[PDB]
Structures are given as structure tokens and as C-alpha cells.
Amino acid sequence: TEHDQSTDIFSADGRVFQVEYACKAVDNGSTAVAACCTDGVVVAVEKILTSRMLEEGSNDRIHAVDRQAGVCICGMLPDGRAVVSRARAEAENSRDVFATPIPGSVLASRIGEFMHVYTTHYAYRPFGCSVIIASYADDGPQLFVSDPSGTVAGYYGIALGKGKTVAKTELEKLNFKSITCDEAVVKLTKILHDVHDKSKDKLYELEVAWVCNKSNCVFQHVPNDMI
Amino acid sequence: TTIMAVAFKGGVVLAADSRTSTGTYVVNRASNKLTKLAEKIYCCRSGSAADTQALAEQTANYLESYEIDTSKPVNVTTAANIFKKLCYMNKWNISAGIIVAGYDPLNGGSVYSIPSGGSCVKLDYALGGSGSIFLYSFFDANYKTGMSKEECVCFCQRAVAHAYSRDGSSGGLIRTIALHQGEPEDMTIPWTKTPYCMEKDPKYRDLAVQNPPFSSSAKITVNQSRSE
């Protein structure tokens with residue numbers, strides 16, 4: 001059992017255990033849900049509060065990466081943050097070098113590539129976050145997840161973290177051809193309030209952002225009067 | 001400068017812009033580049049104003065003497081040759097490009113170009129000055145033989161205006177003069193009645209989209225006009 005100490009090593013079954021373990025961080029972190037709608041994308045996360053004396057806006061999991069794109073970090077927050085800075089450099093690169101807002105599929109590709117590389121060198125470790133990518137550039141509304149392996153997949157709706165198996169069951173009852181950004185903000189908030197465990201995490205708040213036709217395709221936290 | 005002369009049946013027209021410049025700054029905005037050499041012979045001056053004023057004055061002095069001796073009006077070719085020789089003898093010491101044109105009863109309207117270096121060429125039209133290089137194609141495309149006096153004045157005014165709208169070193173008034181068997185006719189058009197400028201041409205009204213707003217699309221539409 002020396003085969004699980006570096007991520008530069010296959011196990012005998014063809015697994016990379018350092019990457020499995022990092023995925024376990026994510027699966028024990030807080031629950032986030034997202035929905036790709038007709039007019040945009042909505043993300044909602046649940047912040048577990050470590051203290052009643054935090055200012056509001058502390059330990060934000062949702063960050064803007066470009067005028068039209070944002071990420072929600074699920075898993076370890078500072079790991080997630082290093083991923084946010086790369087995502088911004090990519091987004092900036094695309095405007096600087098190619099004169100275009102980055103497409104959502106391309107930004108997700110580049111984030112994956114980035115997370116993948118810390119899965120191959122003895123000297124580094126995998127990231128301990130998944131990153132939800134929400135975009136609305138010339139390719140329309142897109143929602144991608146990258147994970148610690150560097151796998152990237154597009155979604156209509158999704159849920160990560162500890163609540164994720166129930167949240168997934170409720171996200172299945174939505175209708176993704178009709179639903180708008182306004183309806184989703186309501187429904188996703190209801191799902192985070194129901195999968196919340198009250199025994200274990202007494203202090204929480206919800207964070208919620210969006211990029212829609214309302215917001216003039218700008219990624220932004222939703223105005224706090226809509227929960 | 002933009003100068004030119006054009007022959008028509010019976011006469012010539014001479015045209016010029018009105019600007020004198022140091023390169024970047026206009027020292028006179030109302031010069032008169034159509035200089036009289038005899039009753040029906042004029043020249044259009046380009047280059048150093050000091051040089052072309054001195055050579056025109058000198059050419060005029062000689063022709064007035066010659067007309068008193070002969071007792072006859074002087075032919076254009078004589079004006080042109082006197083000038084040419086002055087332009088050739090001093091070629092290394094001056095910057096001058098000249099057009100001599102005129103009317104005389106023996107040969108009608110005639111036009112001579114006398115460019116830098118002092119050659120002398122007898123033509124149906126002549127262009128000169130910095131602004132000339134914008135009019136070759138104009139004339140190739142739009143000029144015709146057989147034009148009347150009135151067509152030719154108008155055409156000259158429109159050529160000068162095309163030249164001076166693109167040449168930084170030309171501008172101001174458009175002066176013309178028409179020389180023929182009758183009395184000399186001069187005309188001055190102010191910049192506010194110019195027949196062409198880019199400021200009033202409708203294909204340059206709408207501005208290039210150099211300053212689009214920060215947007216979530218690669219689509220280009222309008223210049224940003226107000227802060228966000």
C-alpha cells in the first residue's frame with residue numbers, strides 16, 4: 001500500500017488514488033446546485049458559517065471570471081481560489097490576444113487542462129475542489145463542472161457536495177426547456193433549504209448568482225431581496 | 001499648394017487653393033497664387049513663395065518691355081520661354097513649379113508646365129504643387145476635351161476642392177481666372193461654399209467603430225458614448 005502517496009503513480013488496477021482522495025474532500029464539503037435555463041444560468045451554494053461574527057460576504061464561493069462568466073468553488077476554498085485566478089488569466093488572454101469574450105466551452109476546457117496537470121507530477125497534489133462554470137458568451141448559456149481529475153462535462157442541471165444525492169433527485173423534477181432564471185432562483189433555493197442538515201451545521205447562509213438576459217449578460221450575485 | 005490650368009476652346013482657366021504654410025501651421029490663409037504676367041498671360045505659382053514671386057516679377061518686367069518695343073500683345077510661348085530660362089538657370093538655388101497659361105490671337109489658349117529642374121512642356125492641362133498627386137486619377141477619370149468656359153471653371157473648382165480636402169498643405173479659398181479673347185474673369189469661392197469636402201460628404205458622416213463598449217459578445221455595433 002505504498003501506491004497511494006504520490007499522484008505520479010498508477011495502482012495495479014489502473015486507478016490514481018491521490019485523485020480519488022481529493023475527490024473525497026469535495027464530497028464532504030458544502031452542497032451547491034446549478035441550472036442552465038432558457039435565458040441564462042443560475043448557481044446557488046450553501047455557505048456553512050464557522051462563527052456568528054463573520055461579516056457578510058466572507059468566504060464567498062462564487063467569483064466572477066469575466067464580464068460574462070463566473071465560477072462556484074465546491075470543496076476546499078483556497079484551492080478553488082487558485083483555479084479562479086487561472087480562469088481570469090484565460091478570460092483576459094482571450095480578450096487580449098483574440099479580441100473575443102472567451103466561449104464557455106473553451107474556458108471550461110482550459111480549467112480542466114489546468115486541474116489535470118496537478119494530477120501528473122510527483123511534486124504537486126491534485127486540487128481539492130470542483131469548479132462549476134457558468135457562462136453566457138456568444139455560444140449561449142452554458143454550465144460546466146471541472147473536477148480534481150480534470151474531467152469536464154456540460155450539464156443542464158447539477159449538484160455537488162454532501163447533499164448531492166437528494167438535490168439530484170429534486171433537480172430531476174424540473175423542466176429544462178421552459179424554466180427561466182427567475183423561477184430557478186426560487187426552486188434551487190428551496191432545494192438547498194431541504195437538503196440542509198440541522199443537527200450538524202447550525203449556521204449557514206445561501207449565496208446565489210446568475211448570468212441572464214435580465215442582467216444584460218453580466219455575471220453577478222443576485223440582489224439580496226429575492227430569496 | 002494645388003495649382004492647375006486647363007485649355008478650352010478659345011482660352012484657358014487657371015485655378016488655385018489659397019494656403020501658404022510652414023509645414024504644419026498656416027501663415028497665410030488667403031494667398032494669391034494666380035499671378036499676372038501680361039494682360040492675358042498668368043502663371044500659377046507653387047513652391048517657395050519668395051522664389052516664385054521674384055521670378056514672376058522678373059518675367060513680367062521683361063514682357064512689358066518687349067510689348068512696348070514690338071508694339072504688339074505678347075504670345076504665350078514667349079512668356080513661357082522667358083520664365084523657363086529663369087527656372088533653368090537657377091535650378092539649384094530655388095524650389096519652384098510653375099504653370100504659364102494665357103490667351104493670344106495667334107495660337108489661342110495655351111498651357112505650359114514648367115516643373116522643378118526647368119523643363120517646359122506644352123499641354124492641354126497641367127497640374128502642380130503638393131496637391132497635384134491627388135488629381136491625376138481625377139482628371140484621367142473625369143476630364144474631357146471640348147469643355148466650354150463654364151464647364152471648365154466649374155470642373156477646376158471641383159478638382160481643387162478634391163485636392164485640398166485630402167492634402168494637409170492646401171486649403172482655404174478657391175481662386176480661378178478665365179482668359180480668352182474677351183475680358184479676364186476672376187472668381188473666388190469661400191471654403192463655406194466649396195463644392196466638395198469630406199466634412200459634408202455623407203459617406204463620412206457616421207464614425208468608425210473604434211471604441212466599442214466592454215461587452216459580453218464579440219459583436220460590434222456602436223461606439224460607446226457615455227460612461228457606464
Side-chain angles (χ1 to χ4, degrees), chain B residues 1-6 12-70 73-104 110-123 125-133 156 160 163-164 167-179 184 186 188:
Chain B
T1 291
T2 296
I3 54 178
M4 66 171 78
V6 186
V12 301
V13 177
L14 301 81
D17 76 318
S18 94
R19 159 175 299 192
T20 296
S21 27
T22 49
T24 33
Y25 176 79
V26 176
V27 296
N28 185 355
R29 76 181 165 94
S31 302
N32 197 339
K33 284 158 191 195
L34 307 187
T35 296
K36 185 183 107 147
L37 294 172
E39 189 190 3
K40 304 270 192 76
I41 307 173
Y42 280 64
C43 70
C44 313
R45 295 179 300 98
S46 52
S48 170
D51 301 321
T52 53
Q53 290 182 16
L55 306 194
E57 274 150 6
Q58 210 178 150
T59 304
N61 178 249
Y62 294 141
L63 286 164
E64 163 186 65
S65 310
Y66 179 74
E67 181 170 349
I68 284 151
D69 219 29
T70 59
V74 335
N75 306 310
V76 178
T77 170
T78 287
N81 211 54
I82 289 179
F83 221 129
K84 168 194 180 42
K85 149 128 198 201
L86 287 171
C87 279
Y88 187 74
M89 293 328 229
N90 294 291
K91 48 183 199 219
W92 291 121
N93 295 319
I94 74 192
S95 135
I98 295 294
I99 299 173
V100 170
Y103 171 87
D104 74 78
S110 330
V111 180
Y112 293 87
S113 198
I114 307 178
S116 269
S119 66
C120 174
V121 181
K122 179 176 189 323
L123 296 157
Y125 73 77
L127 303 182
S130 70
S132 52
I133 194 87
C156 288
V160 174
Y164 65 36
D167 183 26
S169 301
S170 292
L173 301 171
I174 296 173
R175 313 201 178 265
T176 63
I177 185 178
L179 293 173
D186 66 68
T188 289

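Numbers restart at 1 for each chain; the letters A, B, ... are given by sequence-line order, proteins then strands.
Here salt bridge (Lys or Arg N to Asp or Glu O under 4.0 Å) pairs that include residues 19-36 of chain B, with residues two or more places apart or in two chains, are B/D17-B/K33. For residues 44-57 of chain B, the set of pairs meeting the side-chain hydrogen bond (donor to acceptor under 3.5 Å, both in side chains) definition, not counting sequence neighbours, comprises B/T35-B/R45, B/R45-B/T52, B/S48-B/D51.
With a 4.5 Å cut-off on side-chain heavy atoms, B/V160 and B/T176 do not count as touching. Put simply, the side chain of B/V111 does not reach to within 4.5 Å of the side chain of B/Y125, judged on heavy atoms. Counting heavy atoms from C-beta on, the side chains of B/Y164 and B/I174 come closer than 4.5 Å. Side chains of B/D167 and B/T2 form a contact here, defined as non-hydrogen atoms less than 4.5 Å apart. Side-chain contact check for B/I99 versus B/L14: every heavy-atom pair is 4.5 Å or farther apart. Residues B/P73 and B/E39 form no side-chain contact, since every pair of their non-hydrogen atoms from C-beta on lies 4.5 Å or further apart.
With hydrogens and angles disregarded, no donor-acceptor distance shorter than 3.5 Å links the side chain of B/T1 to the backbone of B/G129. With hydrogens and angles ignored, the 3.5 Å screen pairs a side-chain donor or acceptor of B/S116 with a backbone N or O of B/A96.
Counting all heavy atoms, side chain and backbone alike, B/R175 lies closest to B/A30 at NH2-O, 3.0 Å. Nearest approach of B/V12 to B/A101, heavy atoms of both residues: CG2-CB, 4.0 Å. Among all heavy-atom pairs drawn from B/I98 and B/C87, the shortest one is CG1-SG, 4.2 Å. Nearest approach of B/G131 to B/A163, heavy atoms of both residues: O-CB, 3.8 Å. Here the closest non-hydrogen pair linking B/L34 and B/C44 is CD2-SG, 3.8 Å. Smallest separation of non-hydrogen atoms from B/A79 and B/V100: CB-CG1, 4.0 Å.
More than 12 heavy atoms of other residues, nucleotides or ligands sit less than 6.0 Å from atom NZ of B/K91.
To the nearest 0.5 angstrom, B/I94 atom CD1 is 5.0 Å from B/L55 atom CG. We find the OH-CG distance between B/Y42 and B/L179 to be 6.5 Å, quoted to the nearest 0.5 Å. Rounding to the nearest 0.5 Å places CE of B/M4 at 6.0 Å from CG of B/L127. The line from CD1 of B/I82 to OG1 of B/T77 is 10.0 Å long, rounded to the nearest 0.5 Å. One finds the OG1 atom of B/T78 at 7.5 Å from the CD1 atom of B/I41 (value rounded to the nearest 0.5 Å). A distance of 10.5 Å separates CG in B/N75 from CD in B/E67, rounded to the nearest 0.5 Å.
Of the N and O atoms on the side chains of B/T20 and B/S31, at least one donor lies less than 3.5 Å from an acceptor on the other residue.
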